[PDB]
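S.K.: Sequence first, structure after, both from an experimental entry:
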Amino acid sequence: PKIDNX
Amino acid sequence: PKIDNX
Amino acid sequence: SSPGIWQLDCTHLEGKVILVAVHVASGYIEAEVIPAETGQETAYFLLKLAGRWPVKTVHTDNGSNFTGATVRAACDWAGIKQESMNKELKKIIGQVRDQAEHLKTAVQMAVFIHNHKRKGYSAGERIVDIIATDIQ
Amino acid sequence: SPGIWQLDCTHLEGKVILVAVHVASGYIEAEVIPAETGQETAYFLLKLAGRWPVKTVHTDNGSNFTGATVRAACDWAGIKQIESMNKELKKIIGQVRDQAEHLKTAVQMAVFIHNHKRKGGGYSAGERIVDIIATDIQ
Ligand SMILES: [Cl-]
Ligand SMILES: [Cl-]
């Protein structure tokens, strides 16, 4: 969900 | 012997 | 317009992946070796570029590392809209390669030579002049 | 003086961040590095020097500067050898931290915010550095 991952 | 190592 | 336009390409040496961002108007380049040609590493490289220069549009090859979510998410956040140069960089890398143990070091020496070589002005001079002018 | 940078280190989450500041503009380049060693410091300065016209870099002169590697990179590149700034950067990293899984990503978001923020007709650090260098070129 974060900008770089998930 | 090189710029980044030895 | 063309103050904010960059082109991003990949190139390959020694089994390793190099991304190259070219400021189209000046020919100035930023390049580095990355672990792998994935969305995540591509997004990190663009986020770095975007904090350093006023990047408005980046033209890419539209392949596998651009189909997923991360590059799109970094470009959205940073406000970015979505091979002679690879050959030239490779030329310069081969001329300095034996001076560094690591390819990553050679790449950066080549970026330095490319950006500073006198052609009146170097690419480094050209980019700053183009962007400074555009600021009014 | 368009050519003068200061290089400092700063620490978060057990990780090492180098920060280069262009003294005249306040523009910064910063990156997480795996360790505070001559080799990694030398790589960081070689990158910087290919990007901007770096003539002098002021460092803290500690352990990573006593060896050969930073000296060899600065000789090659032609480089001669604000704790507020580490605090300002850490403030911005804390405000974006939960948006990124990795600290390295948060650092670069923070560099973006610092370099592009407009504190007023009153420019950003990114505008200030290009204006200072272009003026000097002519
Ligand atoms: Cl690519
Ligand atoms: Cl340091």
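M.R.: Arrived safely, thanks for sending. Numbers count the residues shown, from 1 in each chain, chains lettered A, B, ... in the order given. Ligands and ions are numbered 1, 2, ... in the order given.

S.K.: Just give me the residue closest to the centre of chain C.
M.R.: In chain C, the C-alpha nearest the mean C-alpha coordinate belongs to residue C:21, at 1.9 Å (C-alpha atoms, centre = their mean).

S.K.: Can you name the helix or strand that residue C:89 falls in?
M.R.: For residue C:89, the host element (DSSP states H and E) is helix C:84-96.

S.K.: Would that helix count as contacting chain B?
M.R.: No. Using C-beta under 8 Å from any C-beta of the partner chain, helix C:84-96 never reaches chain B; the gap is at least 8.8 Å. To be clear about C-beta, it is placed using only N, CA and C from the backbone, and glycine gets the same treatment.

S.K.: Dump the next helix or strand after that helix to PDB, restricted to CA.
M.R.: Where DSSP H and E defines the elements, the next helix or strand beyond helix C:84-96 is helix C:103-116. Only the C-alpha atoms of helix C:103-116 are listed here, as PDB (Å, rounded to 0.1, in the frame of the first residue of the first chain):
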ATOM      1  CA  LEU C 103      31.200  -1.300 -12.900                       C
ATOM      2  CA  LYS C 104      29.200   1.200 -10.800                       C
ATOM      3  CA  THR C 105      32.300   3.400 -10.300                       C
ATOM      4  CA  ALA C 106      33.200   3.300 -14.000                       C
ATOM      5  CA  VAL C 107      29.600   4.300 -14.800                       C
ATOM      6  CA  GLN C 108      29.800   7.400 -12.600                       C
ATOM      7  CA  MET C 109      33.300   8.400 -14.100                       C
ATOM      8  CA  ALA C 110      31.600   8.100 -17.500                       C
ATOM      9  CA  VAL C 111      28.700  10.300 -16.500                       C
ATOM     10  CA  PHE C 112      31.300  12.900 -15.200                       C
ATOM     11  CA  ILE C 113      33.200  12.800 -18.500                       C
ATOM     12  CA  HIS C 114      30.000  13.000 -20.600                       C
ATOM     13  CA  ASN C 115      28.500  15.900 -18.700                       C
ATOM     14  CA  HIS C 116      31.700  18.000 -18.400                       C
END
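
S.K.: can you list contacts of helix C:103-116?
M.R.: With C-beta atoms under 8 Å, 6 or more residues apart in numbering or on different chains as the contact definition, helix C:103-116 has outside contacts at B:3-4, C:13-14, C:16, C:18, C:28-33, C:88-89, C:92-93, C:96-97, C:99-100, C:122-124, D:43, D:46-47, D:49-51, D:53, D:76-77.

S.K.: Skip ahead from it and say which helix or strand is next.
M.R.: That would be, after helix C:103-116 and using DSSP H and E, helix C:123-134.

S.K.: quick check: angle from that next one to helix D:38-51?
M.R.: 60 degrees (axes from the mean of the first three to the mean of the last three C-alpha atoms, to 10 degrees).

S.K.: buried ones in helix C:123-134?
M.R.: Of the residues in helix C:123-134, C:123-132 count as buried by neighbour count, 16 or more other C-beta atoms under 10 Å in any protein chain shown.

S.K.: Which pair of these spans the longest distance?
M.R.: The span of the buried residues of helix C:123-134, defined through C-beta to C-beta, is set by C:123 and C:132 at 14.8 Å.

S.K.: Return the residues of chain C in contact with chain B.
M.R.: Residues of chain C lying near chain B (C-beta under 8 Å from any C-beta): C:99-102, C:105, C:109.

S.K.: could I get these as a markdown table with neighbour count?
M.R.: Shown next, in a markdown table, are the residues of chain C next to chain B (neighbours: other C-beta atoms under 10 Å in any protein chain shown):
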| residue | neighbour count |
| --- | --- |
| C:99 | 15 |
| C:100 | 20 |
| C:101 | 15 |
| C:102 | 16 |
| C:105 | 24 |
| C:109 | 24 |
